[PDB]
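Numbering (the entry's author numbering), first residue to last: -4 to 157, 170 to 310, 314 to 385.
Ideal Cβ positions, reconstructed from N, Cα and C, are used throughout, including at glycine.
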Amino acid sequence: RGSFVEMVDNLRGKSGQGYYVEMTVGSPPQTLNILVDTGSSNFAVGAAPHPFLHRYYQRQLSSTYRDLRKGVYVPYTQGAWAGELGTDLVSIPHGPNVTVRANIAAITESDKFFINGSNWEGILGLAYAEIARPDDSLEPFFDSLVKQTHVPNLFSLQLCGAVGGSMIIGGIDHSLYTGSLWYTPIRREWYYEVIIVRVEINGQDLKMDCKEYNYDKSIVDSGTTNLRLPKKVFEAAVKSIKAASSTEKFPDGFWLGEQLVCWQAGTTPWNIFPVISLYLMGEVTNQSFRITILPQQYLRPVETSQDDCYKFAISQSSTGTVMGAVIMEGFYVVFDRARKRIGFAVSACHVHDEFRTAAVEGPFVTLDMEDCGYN
Ligand SMILES: C[C@@H](NC(=O)c1cc(C(=O)N[C@@H](Cc2ccccc2)[C@H](O)CNC2CC2)cc(N(C)S(C)(=O)=O)c1)c1ccccc1
Ligand SMILES: [Cl-]
Ligand SMILES: [Cl-]
Ligand SMILES: [Cl-]
Ligand SMILES: [Cl-]
Ligand SMILES: [Cl-]
Ligand SMILES: [Cl-]
Ligand SMILES: [Cl-]
Ligand SMILES: [Cl-]
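In structure tokens, the structure reads:
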């Protein structure tokens, strides 16, 4: 068995409402289910009763909790919460064998943040300090782990869609992928920002200037469900996806996520929808690689038991490209913070059919990639 076996299958998800890991806080121990989010940088836990929460953090019962005498408020693209800052002992029982004192926000009120039936009770922001609230002086959890212990500065995510997966902390487990890992640079340590240099649908280049694909940033975000694309890119990609799936027409609201379409259980005609490839900047000058997803990744099930209903989960953004769970469920993704790069390989758990699989291929030659990023 590989050396990281005890961290394999440490994530769960309930009906596609977010992937979470168990974390144990305080003394004596309180274990809670915590959503894994590479799109933010605060660690925060429900800390008062809420109708969607089975468990919450009870600070008064932890003798090692320290109050930082400061409130915090975090708004996201979806939802927001407010709470109080402090520190406490934190361990991940199916994660690294260490315990660290970390900052923790105890959430006392929230709006449209917790999700009914999702089973998670807090959020682990794995991005960098630049985007933490109240500001970049509040050390994020992964920074605490690497400063206090000798766990290598890397983690990897395998999100397994329809729900579970693995977060390997401090290394890479070779059982979780097939083929080779291909790396793209982290452009700047704030979000996990990357540069997309070409987009194809069904093998056809969308032929927009690459500056449009990264206006004003492109990021890898396990806390967002969809692949979210800037306005001009979203409109062009939908027109091309429609053109490539013209054996059937679907109501316009389906491509806006407003309508669902359902098929008799097990009969969804995946072949009528195209594959979608993103090319990413590689590690050598003028070299790129591509990651390709299937409709099984970008059509998401919505849970009669004899019907399989789906929502189209590519959507519009006014804040750049967000490579959310629709992209990450195709791949084993290695967040190699020590070497400032993100690795992709085909996931051993990605959903596919007998005709097509997700892919990571390269190298391709793409010139002037340094022009694609926003400044
Ligand atoms: C949890 C759930 N996420 C969602 O349902 C979901 C969450 C967000 C969202 O704002 N997520 C937050 C974390 C955050 C986490 C939980 C609650 C609130 C905010 C993340 O830090 C945002 N990162 C910002 C840099 C973009 C945004 C969206 N969209 C706008 S969408 C419809 O285009 O996908 C959906 C989910 C479901 C399945 C797979 C992954 C995530
Ligand atoms: Cl909202
Ligand atoms: Cl402290
Ligand atoms: Cl360990
Ligand atoms: Cl330790
Ligand atoms: Cl390793
Ligand atoms: Cl037009
Ligand atoms: Cl939306
Ligand atoms: Cl070129």
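CA nearest to the CA of residue i, picked from the options
{"i": "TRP197", "options": "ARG297, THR299, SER(-2) and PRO135", "result": "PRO135"}
{"i": "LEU63", "options": "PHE365, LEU80 and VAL227", "result": "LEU80"}
{"i": "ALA77", "options": "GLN211, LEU121, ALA250 and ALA100", "result": "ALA100"}
{"i": "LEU119", "options": "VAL20, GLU364, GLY178 and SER247", "result": "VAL20"}
{"i": "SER182", "options": "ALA369, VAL268 and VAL356", "result": "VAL356"}
{"i": "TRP189", "options": "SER105, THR329 and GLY289", "result": "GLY289"}
{"i": "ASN114", "options": "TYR15, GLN73 and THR275", "result": "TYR15"}
{"i": "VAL282", "options": "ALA369, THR144, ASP131 and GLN143", "result": "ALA369"}
{"i": "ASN385", "options": "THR185, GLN143, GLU200 and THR232", "result": "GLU200"}
{"i": "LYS350", "options": "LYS218, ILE193 and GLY264", "result": "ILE193"}
{"i": "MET333", "options": "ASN233, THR299 and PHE345", "result": "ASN233"}
{"i": "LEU30", "options": "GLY186, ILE110, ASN278 and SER247", "result": "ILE110"}
{"i": "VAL85", "options": "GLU104, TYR52, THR103 and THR275", "result": "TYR52"}
{"i": "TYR305", "options": "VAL3, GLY186, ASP130 and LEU236", "result": "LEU236"}
{"i": "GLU380", "options": "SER36, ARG54, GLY372 and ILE202", "result": "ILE202"}
{"i": "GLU17", "options": "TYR184, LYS249, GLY117 and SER36", "result": "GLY117"}
{"i": "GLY13", "options": "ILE300, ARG307 and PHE322", "result": "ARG307"}
{"i": "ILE102", "options": "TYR222, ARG50 and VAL95", "result": "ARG50"}
{"i": "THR292", "options": "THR191, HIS45 and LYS256", "result": "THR191"}
{"i": "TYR286", "options": "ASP346, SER57 and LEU377", "result": "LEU377"}
{"i": "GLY90", "options": "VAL0, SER187 and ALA272", "result": "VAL0"}
{"i": "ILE87", "options": "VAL146, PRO258 and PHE47", "result": "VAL146"}
{"i": "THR314", "options": "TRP277, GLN271 and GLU339", "result": "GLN271"}
{"i": "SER253", "options": "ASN278, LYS238 and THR231", "result": "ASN278"}
Which of helix, strand or coil DSSP assigns to residue i
{"i": "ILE99", "result": "strand"}
{"i": "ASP346", "result": "strand"}
{"i": "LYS321", "result": "strand"}
{"i": "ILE175", "result": "strand"}
{"i": "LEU306", "result": "strand"}
{"i": "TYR384", "result": "coil"}
{"i": "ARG54", "result": "helix"}
{"i": "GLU1", "result": "helix"}
{"i": "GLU364", "result": "coil"}
DSSP bridge partner residues for residue i (one or two, in chain order)
{"i": "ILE226", "result": "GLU200 and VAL332"}
{"i": "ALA39", "result": "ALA100 and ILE118"}
{"i": "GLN326", "result": "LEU236"}
{"i": "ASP32", "result": "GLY120"}
{"i": "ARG205", "result": "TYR286"}
{"i": "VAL356", "result": "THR185 and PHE341"}
{"i": "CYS155", "result": "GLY171"}
{"i": "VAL370", "result": "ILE298"}
{"i": "residue 427", "result": "Not covered by the structure: residue 427. The range shown for the chain is -4 to 385."}
{"i": "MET18", "result": "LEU27"}
{"i": "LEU6", "result": "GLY172"}
{"i": "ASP212", "result": "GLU207"}
{"i": "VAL375", "result": "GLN294"}
Test item: CB-CB of residue i and residue j under 9 Å
{"i": "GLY171", "j": "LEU6", "result": "yes"}
{"i": "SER151", "j": "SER139", "result": "no"}
{"i": "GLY112", "j": "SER229", "result": "no"}
{"i": "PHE354", "j": "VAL343", "result": "yes"}
{"i": "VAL375", "j": "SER284", "result": "no"}
{"i": "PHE280", "j": "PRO302", "result": "yes"}
{"i": "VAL204", "j": "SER327", "result": "no"}
{"i": "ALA127", "j": "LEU133", "result": "yes"}
{"i": "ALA43", "j": "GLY156", "result": "no"}
{"i": "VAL93", "j": "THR144", "result": "yes"}
{"i": "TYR71", "j": "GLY41", "result": "no"}
{"i": "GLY8", "j": "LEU154", "result": "yes"}
{"i": "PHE38", "j": "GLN73", "result": "no"}
{"i": "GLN211", "j": "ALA251", "result": "yes"}
{"i": "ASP106", "j": "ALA97", "result": "no"}
{"i": "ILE352", "j": "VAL227", "result": "yes"}
{"i": "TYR320", "j": "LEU263", "result": "no"}
{"i": "residue 311", "j": "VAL240", "result": "A gap in the chain, from 310 straight to 314, means residue 311 has no coordinates in the model shown."}
{"i": "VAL67", "j": "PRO129", "result": "yes"}
{"i": "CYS382", "j": "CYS217", "result": "yes"}
{"i": "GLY330", "j": "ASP180", "result": "no"}
{"i": "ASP318", "j": "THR367", "result": "no"}
{"i": "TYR184", "j": "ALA348", "result": "no"}
{"i": "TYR123", "j": "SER(-2)", "result": "no"}
{"i": "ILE298", "j": "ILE248", "result": "no"}
{"i": "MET2", "j": "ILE208", "result": "no"}
Please go through the region 93 to 153 and give each complete alpha helix (DSSP H) segment of 4 or more residues, from N-terminal end onward.
-> Counting whole runs of 4 or more residues, the region 93 to 153 contains the alpha helix (DSSP H) stretches 136 to 143.
If you scan the region 61 to 93 from start to end, which runs of the beta strand (DSSP E) of 3 or more residues do you find wholly inside it?
-> With a minimum length of 3 residues, the continuous beta strand (DSSP E) runs that stay inside the region 61 to 93 are 61 to 70 and 75 to 86.
In chain order, which continuous runs of the alpha helix (DSSP H) of length 4 or greater are located wholly inside the region 233 to 283?
-> If we require 4 residues or more, the alpha helix (DSSP H) runs fully inside the region 233 to 283 come out as 238 to 251 and 259 to 262.
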